[PDB]
């Protein structure tokens, strides 16, 4: 895996790896968070905090000691750190060895939430996905289907219940676009879309509570570039056999 999911913990020699296999970020049993090149050359570290330590992705990437204190932190510059950000923010380790933190706000949703869903889990539908009639996605007791008849439907699986639909009869494709929009089409005719064309790539989240949201990557911080006041344009990365988060890369300079 090349990423860390919200709240993920790693410790005692657990690690992630850049898509190309060259860089590895390992939270060591001696409590040193270390970036390795080719498996053998360490090229960055926190330095060790000692045994019983751990690293957790919780808005910041935070290094804790046995005693439960934070010993090192990404120290991402934030207005507020709302507890819900810790449930949302994720990290990617990329092919030139940089790693960065994303915290993305929903741009669109099948429904408007009065407040965050506790312990919700998102099935990520990545930028560039083209759904074709017959495509479906399953998360818990819900199913997102792009149907033979062109409708995009969210069903509760057992018992079977329609929760939401677009009624885009005759659509032959739905595209999660690089420009930021999610668009259902017959041919080149857009029958329905989210109105989120920003030029920052889209991805979708399909929840285990029967909801769909579109977000776009908002890169806040990298190891090499520190905190970023404006999020740069990033590009879909190589989805891994299973990663749980979106995967991106970002340019080295301008």
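Residue numbers count along the first chain shown, from 1.
Across the two stretches, 225 to 233 and 55 to 63, the PDB entry reports the greater mean Cα temperature factor for 225 to 233. The stretch 115 to 123 shows the higher mean C-alpha B-factor when 173 to 181 is compared against 115 to 123 in the entry. Residues shown: 164, 108, 102, 77. Highest C-alpha temperature factor in the entry: 77. Per the deposited coordinates, the residue with the largest Cα temperature factor out of 82, 90, 142, 146 is 82.
Residue 250 sits in the middle third of its chain by CA B factor, as recorded in the PDB entry. The entry lists a Cα temperature factor for residue 193 that places it in the lowest third of the chain's modelled residues.
Per-chain ranking of the deposited C-alpha B factor places residue 18 in the lowest third. When the CA B factors of the chain's modelled residues are split into thirds, the value for residue 71 lands in the highest one.
When the CA B factors of the chain's modelled residues are split into thirds, the value for residue 49 lands in the highest one.
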